[PDB]
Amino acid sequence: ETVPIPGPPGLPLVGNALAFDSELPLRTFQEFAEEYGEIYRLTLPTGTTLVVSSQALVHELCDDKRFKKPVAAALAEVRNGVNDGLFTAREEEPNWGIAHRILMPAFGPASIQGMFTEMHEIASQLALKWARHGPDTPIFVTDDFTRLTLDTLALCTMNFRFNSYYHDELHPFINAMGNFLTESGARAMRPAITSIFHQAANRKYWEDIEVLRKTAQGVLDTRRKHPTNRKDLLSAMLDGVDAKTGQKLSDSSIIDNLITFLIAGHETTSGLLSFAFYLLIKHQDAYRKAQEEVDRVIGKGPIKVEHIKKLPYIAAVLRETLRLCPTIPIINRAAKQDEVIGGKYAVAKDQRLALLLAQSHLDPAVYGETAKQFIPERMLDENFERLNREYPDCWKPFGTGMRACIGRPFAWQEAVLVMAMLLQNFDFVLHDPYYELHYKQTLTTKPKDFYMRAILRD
């Protein structure tokens, strides 16, 4: 049966670890995928990784009966900061289930619509900031979208205001987070032989984790000092009991999950919006269609919750953005038993399989010779539903199975509302007409050094 898996030749002691660009490891992953195809091997410090780049293999690996999220590589290091909180717990750790069952109802459609008013407030703060600063002020796109997503997440779920639009600098949490995530990846790639030369990076890693724990302590202290009668993520964490186990979250776990949601609940949405606005600006055809949609559906009147599902082109723009720019570009699967995939590839129990979504999402077999182009038309409901029927798991930016994104509907309502609001009131242009998209990677991806200007409409 089984064919040998190719891969870049390793070196003694280091395997292929030192091939990874410190600042943009995703590039290394995708260049190897271009060179060796749908599957290749890496020898890294945490074990032999297999890197799957094709929709055929990604779909098989999305079978929850045969595979599971292991929490390996970078995610395993992220446990240093958030332990067995919802994102970094292993499936056999009872705290995954306790947290899952207690927190799931906060993201039900009823609750998400309930948060629309507060999402709309934070979006308005951003709109007014840009309106008031006028058309000559360069906007640091990722900075203002991080402010929006952090403030939206914290207000709607924890009833906490960072008030990021009142402060020149981002809250210390944001830098601590970026370095904690980057260094978590770096640690998992660091070969035994070299590790001793990283003591400065190590002191800093634990200091940045302390900032995360302190910030979450601050959110929890605010709720204790100013109790509220509303139901939200944090009231669920404090009061919620799991029917199945009869348990509530420990304070240790409340801090773990608060950090988890502060990160997962804003970082990737700031990426989505930052990439989406780069792509709309660069693709004037799509810019016009998205503007034309907002004008016909919403016009100059208020954006209400009903409008979120009445903006199909904006939905398509976000879907297409997440296809080319999945802001978590790799998810991990591991086989529950020794296994064979594409009926020719030997795969060991618990062996780390990297689903390189940044490549699976360009599979020519699914998306054709236009795969690398930005075409929102591609991901309109009719064609999107067709691609999912004919090529299941062709598009997985929100992960897979019982370990898929709990926050998807929050992110979606936020991204659609913000994009509608901004296109309604503003036109957008590159600050540098010669800007070429570069990536900043903190495990997650965003545009780097992307500035634009906002001109109010008439």
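Don't overthink the numbering: it's just position in the shown sequence, from 1.
Visitor: Would you tell me which stretch averages the higher CA B-factor in the PDB entry, 382 to 390 or 270 to 278?
Guide: It is 382 to 390.
Visitor: Could you check the entry and say whether 194 to 202 or 157 to 165 has the higher mean CA B-factor?
Guide: Stretch with the greater average CA B-factor: 194 to 202.
Visitor: Go through 371, 317, 122, 254 one by one and give the residue whose Cα B-factor in the PDB entry is largest.
Guide: Among 371, 317, 122, 254, the PDB entry lists the largest C-alpha B-factor for 254.
Visitor: From 148, 347, 324, 131, which pick has the Cα B-factor that tops the rest in the entry?
Guide: Going by the entry's C-alpha B-factors, 347 comes out highest.
Visitor: Rank-wise, by C-alpha B-factor, drop residue 447 into the lowest, middle or highest third of its chain.
Guide: It belongs to the lowest third of the chain when residues are ordered by C-alpha B-factor.
Visitor: Split into thirds by Cα B-factor across the chain's modelled residues, where does residue 171 land: lowest, middle or highest?
Guide: Within its chain, residue 171 is a lowest-third residue by C-alpha B-factor, going by the deposited values.
Visitor: Could you say whether, by C-alpha temperature factor, residue 288 belongs to the lowest, middle or highest third of its chain?
Guide: Middle third by C-alpha B-factor.
Visitor: Among the chain's modelled residues, which third holds the C-alpha B-factor of residue 409?
Guide: As the PDB entry reports it, the C-alpha B-factor of residue 409 lands in the middle third of its chain.
Visitor: Which third, lowest, middle or highest, does the C-alpha temperature factor of residue 402 belong to within its own chain?
Guide: Highest third, going by the recorded CA B-factors of the chain.
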